[PDB]
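Undergrad: Okay, here's the structure, questions in a sec.
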Amino acid sequence: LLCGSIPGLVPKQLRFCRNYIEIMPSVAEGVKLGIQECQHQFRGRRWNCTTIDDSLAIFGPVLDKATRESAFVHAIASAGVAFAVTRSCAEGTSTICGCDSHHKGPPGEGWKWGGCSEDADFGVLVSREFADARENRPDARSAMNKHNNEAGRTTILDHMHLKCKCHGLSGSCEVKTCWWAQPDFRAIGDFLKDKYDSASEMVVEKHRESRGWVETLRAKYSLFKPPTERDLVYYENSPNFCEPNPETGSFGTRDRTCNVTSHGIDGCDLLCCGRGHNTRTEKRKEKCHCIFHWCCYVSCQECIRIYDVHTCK
Amino acid sequence: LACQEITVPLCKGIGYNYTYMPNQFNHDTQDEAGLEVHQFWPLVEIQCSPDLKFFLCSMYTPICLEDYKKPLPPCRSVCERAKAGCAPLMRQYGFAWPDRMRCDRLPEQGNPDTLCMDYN
Ligand SMILES: *[C@@H]1O[C@H](CO)[C@@H](O[C@@H]2O[C@H](CO)[C@@H](O)[C@H](O)[C@H]2NC(C)=O)[C@H](O)[C@H]1NC(C)=O
Ligand SMILES: *[C@@H]1O[C@H](CO)[C@@H](O)[C@H](O)[C@H]1NC(C)=O
Ligand SMILES: *[C@@H]1O[C@H](CO)[C@@H](O)[C@H](O)[C@H]1NC(C)=O
Ligand SMILES: [Cl-]
C-alpha cells in the first residue's frame, strides 16, 4: 500500500505514514509538485531534472552524489511537501488539520481577519518529522541533506503573505477581508533557483561523539559570509552533463531540443557542447483567423503553421 | 473550464446562455457573482445605458464557449458606452464609476492578442 514504494523505509517512518495516513496523499503530491517545478526551473539546461523520481521513494536513504543539483532537488522536494500539505489542510475536509485558527493580532485598519489562513506551520512540521524519521547517520551527505531540506521547508514559512478579498458595494475595496496565505508555488521555485545559483560549497571535517565519528560541514571559502539556514550547501563537484556519464551521472545532451536564437545554455553551441545540431521541420494544424460575430459566437479558420526544431548531436 | 448554464436572473436573456467560474473577480460560485451584479439592478432599470446589462454580465458571468476557449471580454467600446451613460448618475451622489468596471483594462477592436465582444 502507501509508503511501500520507499525502498529503505525504516519503522519510525512507517509509523508516521500510518499515524498521518490522512495527509499522506498530500505529502506525495508535495514531492510531485517540487520535482515538476525542478523540471521547469531547469527546462533548458544540460541537466533538465528528468532524472529524478517523483515518488515517496525520495524519502528514506539519501545516497545521490552531493552536487549542487541534488541540493536543489531535495530542497524543492521538502518545500513541495510543506506546500501541498498546508494547501490540502486549507481545503478543509480533514480531521487532523485545517485552516490556521489561532488568534491573529488586531487587523490593519482597512480590513478584518477572515477567510481561511493556511497553516504553514503544520505543513513544515510534517515535512520535518517525516524526513527526520529516517535512520540517522553521522554522514557528511546526511549533514548536507539536513541543511538543504530545512532551507526548502523554511521558505514555505518565509513566503506567507497577506491576501484580501474586496466585498461591499460593487466590490469596492473599502470592506476588506484578509488572511495569511501561500504564494503560487512558482515563487518558491524561483526563490530556491536563486539560492541554487549562490549555493555555498563546503568541505568535510569529522569529530567524535559518544556514538563514534560524526562528519560536519564547513564553508570552503572562509572570506565570504557563511551559509545560513535558508541557503543551499553542497560539497561535491557537479559532473560534465555533456556526454552520457558512464558512471550513471546522467545522459548526454544528444537529441535534446535546441534554440538557435540563444547564445546561452539553451542555445545550440552550449547545450550541445560544441557538437553539431540536427534540424527537422514540422507542421501543426491550428485555428488562426478567428472572427467574433455579434452575437455571440466565434468562427475559426484552419491553417497550418510550420516551425523548425534543432536537436543536438 | 466547464461551461455551466447561467442562473443569475439579471444575466438571463442577454444573448449567450453559458458562463464559467471563477470569473476575473475570483467569484467561486455563480451565486456569489450574482449577489454582486444584482447590486447594479437599479442602474439597469433606469436605462441610462442600453449596453449596461450586457456589459455587467460580460464581466461577472463571462461568456463560455464549447467551441472556442481563449479569452473573450467585452470590447473597451462597450464599457465606454456604458460609462458615458451611467457614470453621470452615480456622480450626482458623489460616486465614481466602480474600479471593477474600469474600461481601460479592456481590449479594443483589432487587438491581435485577443478578441472582444461588441456589435457591428
Ligand atoms: C530531459 O533530458 C532527457 C535526456 O537528456 C530527455 O529525454 C530523452 O529525449 C530523447 C529525445 O526525445 C530520447 O532519445 C530519449 O529516449 C529521452 N529519454 C531518456 C534519455 O530517458 C528529455 O526529453 C528532456 N526533457 C526536457 C528538456 O523537457
Ligand atoms: C530562444 O531564445 C530567444 C532569445 O533568448 C528567446 O527570446 C526565445 O523565446 C527562445 N525560444 C524559446 C522557445 O524559448
Ligand atoms: C438560451 O436559452 C433560451 C431559452 O430560454 C433561448 O431562447 C436562447 O436562444 C438561448 N441562447 C442561445 C445562444 O442558444
Ligand atoms: Cl541535499
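By order in the C-alpha cells, chains are A, B, ...; within a chain, residues start at 1; ligands start at 1, following the order shown.
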Any idea what's packed within 9 Å of stretch 52-58 of chain B, counting only C-alpha atoms, ignoring anything in its chain fewer than 2 positions away? Could you give it as a PyMOL selection string?
TA: chain B and resi 10-11+14-15+37+40-41+43-44+47-50+60-63+72-74+78-79+81-83+85-86+101+117
Undergrad: Please identify all residues of chain A having at least one atom at most 9 Å from any atom of chain B, considering only C-alpha atoms, and return them as a PDB file with N, CA, C and O atoms, in the first residue's frame.
TA:
```
ATOM      1  N   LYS A 165      -9.830  39.710   0.091  1.00  0.00           N
ATOM      2  CA  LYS A 165     -10.969  39.809  -0.807  1.00  0.00           C
ATOM      3  C   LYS A 165     -11.618  41.176  -0.595  1.00  0.00           C
ATOM      4  O   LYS A 165     -11.658  41.688   0.528  1.00  0.00           O
ATOM      5  N   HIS A 167     -15.166  42.985  -0.772  1.00  0.00           N
ATOM      6  CA  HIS A 167     -16.613  42.982  -0.938  1.00  0.00           C
ATOM      7  C   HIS A 167     -17.142  44.318  -0.442  1.00  0.00           C
ATOM      8  O   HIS A 167     -16.365  45.246  -0.208  1.00  0.00           O
ATOM      9  N   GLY A 168     -18.441  44.436  -0.263  1.00  0.00           N
ATOM     10  CA  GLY A 168     -19.040  45.747  -0.180  1.00  0.00           C
ATOM     11  C   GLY A 168     -19.385  46.270  -1.563  1.00  0.00           C
ATOM     12  O   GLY A 168     -19.004  45.705  -2.592  1.00  0.00           O
ATOM     13  N   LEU A 169     -20.102  47.397  -1.572  1.00  0.00           N
ATOM     14  CA  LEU A 169     -20.867  47.836  -2.737  1.00  0.00           C
ATOM     15  C   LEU A 169     -20.067  47.762  -4.030  1.00  0.00           C
ATOM     16  O   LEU A 169     -19.045  48.434  -4.181  1.00  0.00           O
ATOM     17  N   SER A 170     -20.559  46.938  -4.956  1.00  0.00           N
ATOM     18  CA  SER A 170     -19.966  46.762  -6.279  1.00  0.00           C
ATOM     19  C   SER A 170     -18.494  46.365  -6.178  1.00  0.00           C
ATOM     20  O   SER A 170     -17.663  46.739  -7.008  1.00  0.00           O
ATOM     21  N   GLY A 171     -18.175  45.582  -5.151  1.00  0.00           N
ATOM     22  CA  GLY A 171     -16.832  45.075  -4.955  1.00  0.00           C
ATOM     23  C   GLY A 171     -15.838  46.080  -4.428  1.00  0.00           C
ATOM     24  O   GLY A 171     -14.633  45.801  -4.443  1.00  0.00           O
ATOM     25  N   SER A 172     -16.299  47.236  -3.958  1.00  0.00           N
ATOM     26  CA  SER A 172     -15.385  48.282  -3.530  1.00  0.00           C
ATOM     27  C   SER A 172     -14.479  47.792  -2.407  1.00  0.00           C
ATOM     28  O   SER A 172     -14.929  47.173  -1.439  1.00  0.00           O
ATOM     29  N   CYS A 173     -13.195  48.114  -2.518  1.00  0.00           N
ATOM     30  CA  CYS A 173     -12.210  47.625  -1.561  1.00  0.00           C
ATOM     31  C   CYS A 173     -12.227  48.339  -0.219  1.00  0.00           C
ATOM     32  O   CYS A 173     -11.198  48.388   0.459  1.00  0.00           O
ATOM     33  N   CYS A 290      -9.683  33.862 -36.318  1.00  0.00           N
ATOM     34  CA  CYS A 290     -10.962  33.697 -35.642  1.00  0.00           C
ATOM     35  C   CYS A 290     -11.651  35.048 -35.508  1.00  0.00           C
ATOM     36  O   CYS A 290     -11.165  35.939 -34.803  1.00  0.00           O
ATOM     37  N   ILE A 291     -12.765  35.189 -36.183  1.00  0.00           N
ATOM     38  CA  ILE A 291     -13.600  36.378 -36.137  1.00  0.00           C
ATOM     39  C   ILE A 291     -14.646  36.187 -35.045  1.00  0.00           C
ATOM     40  O   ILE A 291     -15.145  35.074 -34.841  1.00  0.00           O
ATOM     41  N   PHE A 292     -14.957  37.254 -34.313  1.00  0.00           N
ATOM     42  CA  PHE A 292     -16.126  37.243 -33.445  1.00  0.00           C
ATOM     43  C   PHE A 292     -17.344  37.742 -34.213  1.00  0.00           C
ATOM     44  O   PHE A 292     -17.237  38.559 -35.130  1.00  0.00           O
ATOM     45  N   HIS A 293     -18.513  37.249 -33.827  1.00  0.00           N
ATOM     46  CA  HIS A 293     -19.746  37.544 -34.542  1.00  0.00           C
ATOM     47  C   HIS A 293     -20.771  38.052 -33.552  1.00  0.00           C
ATOM     48  O   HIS A 293     -21.018  37.397 -32.534  1.00  0.00           O
ATOM     49  N   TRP A 294     -21.376  39.210 -33.834  1.00  0.00           N
ATOM     50  CA  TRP A 294     -22.297  39.777 -32.853  1.00  0.00           C
ATOM     51  C   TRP A 294     -23.619  39.010 -32.846  1.00  0.00           C
ATOM     52  O   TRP A 294     -24.673  39.471 -33.284  1.00  0.00           O
ATOM     53  N   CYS A 295     -23.494  37.764 -32.429  1.00  0.00           N
ATOM     54  CA  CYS A 295     -23.791  37.511 -31.026  1.00  0.00           C
ATOM     55  C   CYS A 295     -24.560  36.261 -30.662  1.00  0.00           C
ATOM     56  O   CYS A 295     -25.709  36.061 -31.063  1.00  0.00           O
ATOM     57  N   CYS A 296     -23.914  35.426 -29.867  1.00  0.00           N
ATOM     58  CA  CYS A 296     -22.498  35.638 -29.562  1.00  0.00           C
ATOM     59  C   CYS A 296     -21.674  34.416 -29.778  1.00  0.00           C
ATOM     60  O   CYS A 296     -21.639  33.545 -28.919  1.00  0.00           O
ATOM     61  N   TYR A 297     -20.968  34.357 -30.898  1.00  0.00           N
ATOM     62  CA  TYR A 297     -20.163  33.184 -31.162  1.00  0.00           C
ATOM     63  C   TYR A 297     -18.908  33.573 -31.924  1.00  0.00           C
ATOM     64  O   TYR A 297     -18.766  34.700 -32.409  1.00  0.00           O
ATOM     65  N   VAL A 298     -17.997  32.611 -32.033  1.00  0.00           N
ATOM     66  CA  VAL A 298     -16.703  32.816 -32.670  1.00  0.00           C
ATOM     67  C   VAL A 298     -16.508  31.762 -33.750  1.00  0.00           C
ATOM     68  O   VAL A 298     -16.748  30.570 -33.518  1.00  0.00           O
ATOM     69  N   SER A 299     -16.079  32.209 -34.926  1.00  0.00           N
ATOM     70  CA  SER A 299     -15.793  31.353 -36.066  1.00  0.00           C
ATOM     71  C   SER A 299     -14.296  31.350 -36.328  1.00  0.00           C
ATOM     72  O   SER A 299     -13.671  32.413 -36.376  1.00  0.00           O
ATOM     73  N   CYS A 300     -13.735  30.157 -36.501  1.00  0.00           N
ATOM     74  CA  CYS A 300     -12.307  29.964 -36.703  1.00  0.00           C
ATOM     75  C   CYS A 300     -12.003  29.373 -38.070  1.00  0.00           C
ATOM     76  O   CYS A 300     -12.789  28.612 -38.640  1.00  0.00           O
TER      77      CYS A 300
END
```
Undergrad: Let me see if you get this right: every residue at most 8 Å from ligand 1, counting only C-alpha atoms and all ligand atoms, written as an NGL selection string.
TA: :A and (39 or 43-51 or 250-257)
Undergrad: Would you mind listing the residues within 6 Å of ligand 4, counting only C-alpha atoms and all ligand atoms, as a PyMOL selection string?
TA: chain A and resi 70-71+74+144-145+148
Undergrad: For the selection you just gave me, I'd like the residues written to a file as an mmCIF file, in the first residue's frame, keeping C-alpha atoms.
TA:
```cif
data_model
loop_
_atom_site.group_PDB
_atom_site.id
_atom_site.type_symbol
_atom_site.label_atom_id
_atom_site.label_comp_id
_atom_site.auth_asym_id
_atom_site.auth_seq_id
_atom_site.Cartn_x
_atom_site.Cartn_y
_atom_site.Cartn_z
ATOM 1 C CA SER A 70 20.878 17.469 -5.512
ATOM 2 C CA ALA A 71 20.974 20.323 -3.008
ATOM 3 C CA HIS A 74 15.896 17.861 -2.063
ATOM 4 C CA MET A 144 24.106 18.438 3.839
ATOM 5 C CA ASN A 145 20.663 16.943 3.278
ATOM 6 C CA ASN A 148 19.030 21.799 2.427
#
```
Undergrad: List the neighbours of residue A:259 out to 10 Å using only C-alpha atoms; skip same-chain residues closer than 6 positions along the sequence, and give me the result as a PDB file with C-alpha atoms, in the first residue's frame.
TA:
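Final file, result-v2.pdb:
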```pdb
ATOM      1  CA  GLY A  44      16.687  24.457 -20.861  1.00  0.00           C
ATOM      2  CA  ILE A 265      22.952  27.375 -22.294  1.00  0.00           C
ATOM      3  CA  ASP A 266      19.686  26.597 -24.091  1.00  0.00           C
ATOM      4  CA  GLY A 267      21.401  27.556 -27.353  1.00  0.00           C
ATOM      5  CA  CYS A 268      22.930  25.072 -29.757  1.00  0.00           C
ATOM      6  CA  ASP A 269      26.576  25.835 -29.182  1.00  0.00           C
ATOM      7  CA  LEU A 271      23.643  22.834 -24.907  1.00  0.00           C
ATOM      8  CA  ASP A 308      11.804  24.017 -37.201  1.00  0.00           C
ATOM      9  CA  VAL A 309      13.257  22.067 -34.279  1.00  0.00           C
ATOM     10  CA  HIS A 310      17.015  21.820 -33.801  1.00  0.00           C
ATOM     11  CA  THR A 311      18.167  18.849 -31.734  1.00  0.00           C
ATOM     12  CA  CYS A 312      21.767  18.428 -30.525  1.00  0.00           C
TER      13      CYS A 312
END
```
Undergrad: Around ligand 2, which protein and nucleic acid residues have at least one atom no more than 7 Å from it, if we count only C-alpha atoms and all ligand atoms? List them as a PDB file with N, CA and C atoms, in the first residue's frame.
TA:
```pdb
ATOM      1  N   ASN A 259      17.807  25.783 -29.210  1.00  0.00           N
ATOM      2  CA  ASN A 259      17.337  27.124 -29.574  1.00  0.00           C
ATOM      3  C   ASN A 259      18.433  27.855 -30.350  1.00  0.00           C
ATOM      4  N   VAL A 260      18.234  28.040 -31.662  1.00  0.00           N
ATOM      5  CA  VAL A 260      19.281  28.672 -32.471  1.00  0.00           C
ATOM      6  C   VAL A 260      19.445  30.138 -32.109  1.00  0.00           C
ATOM      7  N   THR A 261      18.374  30.782 -31.642  1.00  0.00           N
ATOM      8  CA  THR A 261      18.448  32.204 -31.329  1.00  0.00           C
ATOM      9  C   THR A 261      19.387  32.467 -30.157  1.00  0.00           C
ATOM     10  N   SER A 262      19.352  31.611 -29.137  1.00  0.00           N
ATOM     11  CA  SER A 262      20.030  31.904 -27.881  1.00  0.00           C
ATOM     12  C   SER A 262      21.503  31.507 -27.914  1.00  0.00           C
TER      13      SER A 262
END
```
Undergrad: Write out as a ChimeraX atom specification the residues lying within 10 Å of residue A:36, counting only C-alpha atoms and excluding same-chain residues fewer than 4 positions away.
TA: /A:30-32,40-41,49-50,52,54,76-77,80,189
Undergrad: Go ahead and dump the residues you just picked, C-alpha atoms, as a compact mmCIF listing (two decimals), in the first residue's frame.
TA:
```
# COMPACT_ATOMS: atom_id res chain seq x y z
CA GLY A 30 4.10 17.64 -2.47
CA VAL A 31 7.04 15.70 -3.89
CA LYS A 32 5.47 15.56 -7.36
CA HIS A 40 10.54 23.83 -15.09
CA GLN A 41 13.43 25.69 -13.44
CA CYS A 49 15.89 17.30 -13.80
CA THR A 50 14.01 14.49 -15.59
CA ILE A 52 14.65 12.30 -10.63
CA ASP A 54 8.79 11.87 -8.09
CA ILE A 76 12.37 21.84 -3.56
CA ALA A 77 11.11 18.39 -2.54
CA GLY A 80 6.74 20.86 -2.12
CA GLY A 189 10.80 27.54 -7.27
```
Undergrad: Quote the spacing between atom CA of residue A:214 and atom CA of residue A:149 in Å to one decimal place.
TA: 19.1 Å
Undergrad: Could you list, as a tab-separated table (two decimals) with C-alpha atoms, in the first residue's frame, every residue within 6 Å of residue B:3, counting only C-alpha atoms and ignoring same-chain residues fewer than 3 positions away?
TA:
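Saved to out-v9.tsv:
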```
chain	number	residue	atom	x	y	z
B	18	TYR	CA	-23.29	29.72	-20.72
B	19	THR	CA	-20.67	31.07	-18.31
B	20	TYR	CA	-17.73	29.61	-16.40
B	64	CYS	CA	-18.19	30.43	-22.05
```
Undergrad: With distances taken over only C-alpha atoms and all ligand atoms, which of B:90, B:31, B:42, B:66 is nearest to ligand 3?
TA: B:66
Undergrad: What's the separation between atom CA of residue A:218 and atom CA of residue A:230, in Å to one decimal place?
TA: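 Atom CA of residue A:230 lies at a distance of 15.8 Å from atom CA of residue A:218.
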Undergrad: Check the DSSP output for the backbone and give back, as a list in words, the residues of stretch 189-251 of chain A in helix (DSSP H, G or I).
TA: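 Reading the DSSP output for stretch 189-251 of chain A, helix (DSSP H, G or I) covers residues 189, 190, 191, 192, 193, 194, 195, 196 and 197 of chain A.
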Undergrad: Excluding same-chain residues fewer than 3 positions from residue A:198, what lies within 9 Å of it counting only C-alpha atoms, as a ChimeraX atom specification?
TA: /A:193-195,231-232
Undergrad: Write to file, as a compact mmCIF listing (two decimals), in the first residue's frame, the residues of the selection just made, with N, CA and C atoms.
TA:
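So out12.txt came out as:
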```
# COMPACT_ATOMS: atom_id res chain seq x y z
N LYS A 193 15.74 28.57 -6.86
CA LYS A 193 16.63 28.58 -8.02
C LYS A 193 17.72 29.62 -7.85
N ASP A 194 17.38 30.75 -7.24
CA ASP A 194 18.39 31.76 -6.92
C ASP A 194 19.36 31.22 -5.88
N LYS A 195 18.82 30.62 -4.81
CA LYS A 195 19.64 30.03 -3.76
C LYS A 195 20.53 28.93 -4.34
N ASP A 231 20.11 29.08 3.14
CA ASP A 231 20.97 28.87 1.99
C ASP A 231 21.18 27.39 1.69
N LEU A 232 21.53 27.11 0.44
CA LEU A 232 21.85 25.76 -0.01
C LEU A 232 23.34 25.49 0.11
```
Undergrad: Hey, can you check how far atom 1 (C, counted along the ligand's line) of ligand 3 sits from atom CA of residue B:12?
TA: 8.0 Å
Undergrad: Residue A:90: which residues within 12 Å, counting only C-alpha atoms, same-chain residues fewer than 2 positions away excluded, as a ChimeraX atom specification?
TA: /A:23,26,83-88,92-101,115-120,122-123,179-182
Undergrad: Quick one: pick out all strand (DSSP E) residues within chain B from a backbone DSSP run and write them as a PDB file with N, CA and C atoms, in the first residue's frame.
TA:
```pdb
ATOM      1  N   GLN B   4     -21.028  26.186 -17.605  1.00  0.00           N
ATOM      2  CA  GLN B   4     -22.249  25.964 -16.839  1.00  0.00           C
ATOM      3  C   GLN B   4     -23.309  26.977 -17.249  1.00  0.00           C
ATOM      4  N   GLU B   5     -24.567  26.537 -17.273  1.00  0.00           N
ATOM      5  CA  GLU B   5     -25.659  27.424 -17.655  1.00  0.00           C
ATOM      6  C   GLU B   5     -25.767  28.604 -16.689  1.00  0.00           C
ATOM      7  N   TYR B  18     -24.248  30.524 -21.471  1.00  0.00           N
ATOM      8  CA  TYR B  18     -23.294  29.720 -20.724  1.00  0.00           C
ATOM      9  C   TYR B  18     -22.121  30.564 -20.255  1.00  0.00           C
ATOM     10  N   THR B  19     -21.793  30.427 -18.977  1.00  0.00           N
ATOM     11  CA  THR B  19     -20.674  31.074 -18.314  1.00  0.00           C
ATOM     12  C   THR B  19     -19.729  30.004 -17.756  1.00  0.00           C
TER      13      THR B  19
END
```
